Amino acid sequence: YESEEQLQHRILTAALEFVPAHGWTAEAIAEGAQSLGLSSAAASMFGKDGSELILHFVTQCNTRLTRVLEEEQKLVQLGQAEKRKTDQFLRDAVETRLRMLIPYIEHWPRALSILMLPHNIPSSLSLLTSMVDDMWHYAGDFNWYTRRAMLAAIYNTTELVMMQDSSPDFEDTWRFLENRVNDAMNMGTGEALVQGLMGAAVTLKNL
């Protein structure tokens, strides 16, 4: 039949449809559960914060990421595709990951603040670093700690910048990305990140 495990996943998955309307909240969780036929009474089983829905989404995105990278690795192994240089590969990996945000971009800044709260942080940081380990695994060649920290910082800063980016198809974000990736490959857009941080400052202060 269906485990409780499978049921919750199903609800969270269906709640994503309503995020663009109710945001990352227990409200959207309810509309999800209801679109599945579940009573509003039965729809109560997740924290009013929307954090489980956010974490759900993130892991689903990382799962989607792992699938893409495994497959492109499969082409290399099949001589069907030419291995990319690390710097190029990370830019493609990160872009690929951040484009999954676009359909939800409207409320993503609030979701990010919630990820940053103390009670969500061990979980979200754990997803982040697992994701970063995957990108590095599929890249293929700095010690583990410097690689992990540099890619996570490239990811988060580019993420913040994207939140303020309104150039066509996010040209500016991908530009920022390339600049950061080259900054990391060599070891040494500035203002763009301070508006990013101010944006994040503002969202945090609004709760």
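Note that residue numbering begins at 1 and tracks the sequence as displayed.
According to the PDB entry, the deposited sequence contains 4 to 9 residues between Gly188 and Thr189 that lack coordinates. In this entry, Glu171 and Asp172 are joined directly, with no residue of the deposited sequence lacking coordinates between them. Stretch comparison (73-81 versus 87-95) by mean CA B-factor in the PDB entry places 73-81 on top. On average the C-alpha atoms of 34-42 have higher B-factors than those of the other stretch, with 34-42 and 49-57 being the two compared. If you compare the C-alpha temperature factors of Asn143, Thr157, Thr63, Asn182 in the entry, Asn143 comes out highest. In the deposited entry, the Cα temperature factor of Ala21 sits in the top third of values across the chain's modelled residues. In the PDB entry, a CA B factor belonging to the lowest third of its chain's modelled residues is recorded for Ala201.
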